[PDB]
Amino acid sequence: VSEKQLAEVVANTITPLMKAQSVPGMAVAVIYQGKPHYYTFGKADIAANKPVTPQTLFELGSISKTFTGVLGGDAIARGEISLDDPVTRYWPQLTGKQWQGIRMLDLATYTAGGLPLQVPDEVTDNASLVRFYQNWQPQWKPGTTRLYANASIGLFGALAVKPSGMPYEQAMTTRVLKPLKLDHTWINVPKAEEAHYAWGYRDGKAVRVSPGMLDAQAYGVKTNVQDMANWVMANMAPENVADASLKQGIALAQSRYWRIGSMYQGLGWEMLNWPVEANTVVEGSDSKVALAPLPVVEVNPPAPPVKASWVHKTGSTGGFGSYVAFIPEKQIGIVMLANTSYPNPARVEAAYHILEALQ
């Protein structure tokens, strides 16, 4: 392995990084040789002088969508839901003619026809929620245009769990977190755990995410670098997942539904074929692309996960910035949590280099 050389590669990547982007603290895990390697830097809480630790809770931001995808995926494999089914199958009060051709897959993979990045600030409840989607007008027709959005995968998450009869948070805990024994992963941090909760920093001001409609589904999950490492591992080598529906869930989430250039969308996760040059992934991480509606090319029928992939997901909040990546065929991976939202391509800049030192 070369643990000495390994603590060198990470320190020599992360310290300049943290200095350059003004990051108070970071928790890193590299998985290599079937093992997670934990490395910690700086401060969780600077006014309190609390050091970062492998049980420091960071807000994952958009990386919560990977959890939303496996859940949704587990419900599929359970038979409670199907991607081809019209959305209206699970929410018949969605009465617009607009909603006609949109299947569940569309919501799941951002291709309804233009659902917006975030959910409006006025949407504060289900009524307001329904008026929103009732009176939302497309732009493009179903299955024609990828536009990353919370209002899209958020609604999939919320609809996906209805047949379970469980609220979203209990379903997530029951069908996904506990089975994988992610016992320090929360949608809501218990009072008894807040001391492990890092502070975020935005403009030299400590901040923490605020509640919003559909948050848990699209950005509101919080972890430590240990549960996150085990999460990457369960998805990386799903072969030792007991529960047959969860392993299949992981599988549907890393299936390719849509080809968008060098990238292929899954449920929450995104993929590229390996090998992939650094800058194609790095520039692909730029918001110039990331948040831009691009056309799409159906993978029909959806291909099951290909080990030969760089699968990853970026995600942030006000004061937090994280990123995770893996290469199933290489059995190598990395987690980078930080309490400062710093440039996304900086993130993949670092993770790529660290990973290539292991090849």
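All residue numbers are counted from 1 along the displayed sequence.
The stretch 293-301 shows the higher mean C-alpha B-factor when 293-301 is compared against 309-317 in the entry.
When the C-alpha B-factors of 69-77 and 206-214 are averaged, 206-214 comes out higher.
Per the PDB record, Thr280 has a higher Cα B-factor than any other of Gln265, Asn230, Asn150, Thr280. As recorded in the entry, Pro142 carries the highest CA temperature factor of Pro142, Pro179, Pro163, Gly220. Remark: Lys330 belongs to the highest third of its chain, ranked by C-alpha B-factor as recorded.
Per-chain ranking of the deposited C-alpha B factor places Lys191 in the middle third. Looking at the C-alpha B-factors along this chain, the one for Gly200 belongs to the middle third. For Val225, the recorded CA temperature factor ranks within the lowest third of the chain's modelled residues.
For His184, the recorded CA B-factor ranks within the middle third of the chain. Only modelled residues enter the ranking.
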